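In the deposited numbering, the protein residues as written are 4 to 169. For each residue, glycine too, the CB sits at the ideal point set by N, CA and C. Here's the structure we're looking at; comments come further down.
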Ligand SMILES: O=C(O)[C@@H]1CCC[C@H]1c1ccc2cnccc2c1
């Protein structure tokens, strides 16, 4: 978990302008978080990038999890193999507010991070899930009590977050 170049926002939250896939290949953390959907179909955004970096091994594995256990609930999670990215992948389902899902579930999504001591994660519900990314960071800071290293791909978004926080 040799994280470098992070800015400490709170006692347990760190932030960096970086591609989470590149961070996972360098650090090889214990846990890499995926911003997933209830059926674990990793077709775009963070999910698409993480799956692509495993050459579809994450998708094949996920399809087998769904076949055996059924879909996740919004706000829920499951732990799968991290393959070549991490020891484990914590797939987390944030609400899709652009499809009417309740924003209050963003807290439930972040509560999953608390089961792991150290995590490399993206912001939840901030892609096509349509939630405000600055609001998503506020819920993260208020909810997660374990050590989370957030990797933010977009430099424009990164600078807006760092400015709003500090
Ligand atoms: O950090 C960000 O800018 C956004 C915020 C929530 C989803 C993040 C995202 C989206 C697409 C990505 C594509 N490739 C690699 C990492 C990617 C990360």
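- For a cut-off of 8 Å, the C-beta gap from residue 41 to residue 130 is around 15 Å, too long to register as a contact.
- A distance criterion of 6 Å places the beta-carbon of residue 22 in contact range of ligand 1, judged by its closest non-hydrogen atom.
- Per the coordinates, the alpha-carbon of residue 79 lies some 30 Å from the alpha-carbon of residue 8.
- In the DSSP assignment, residue 137 falls within the unbroken alpha helix (DSSP H) covering 136-146.
- Apart from the 5 residues on each side of it in sequence, residue 72 sits with its Cβ closer than 8 Å to the Cβ of 81 in its chain, given in chain order.
- With a 10 Å radius around the Cβ and a threshold of 16 neighbouring Cβ atoms, residue 155 comes out buried.
- Note on geometry: alpha-carbon atoms of residue 153 and residue 19 lie some 6 Å from one another.
- With distances taken between CA atoms, residue 119 lies nearest to 92 out of 64, 99, 92, 137.
- Among the bridge pairs identified by DSSP, residue 37 is matched with 94.
- The alpha carbon of residue 141 has as its nearest neighbour, out of 33, 117, 157, 168, the alpha carbon of 168.
- Taken from the Cβ of residue 116, every heavy atom of ligand 1 lies 6 Å or farther away.
- Inclusion of residue 129 in the 6 Å shell around ligand 1 follows from its C-beta lying nearer than that to a non-hydrogen atom of the ligand.
- Only buried fits residue 54, as 16 or more other CB atoms lie within 10 angstroms of its CB.
- Here the alpha carbons of residue 6 and residue 52 stand approximately 20 Å from one another.
- For residue 35, the closest of 151, 68, 66 by C-alpha to C-alpha distance is 151.
- Looking at the DSSP output, residue 19 bridges to 154.
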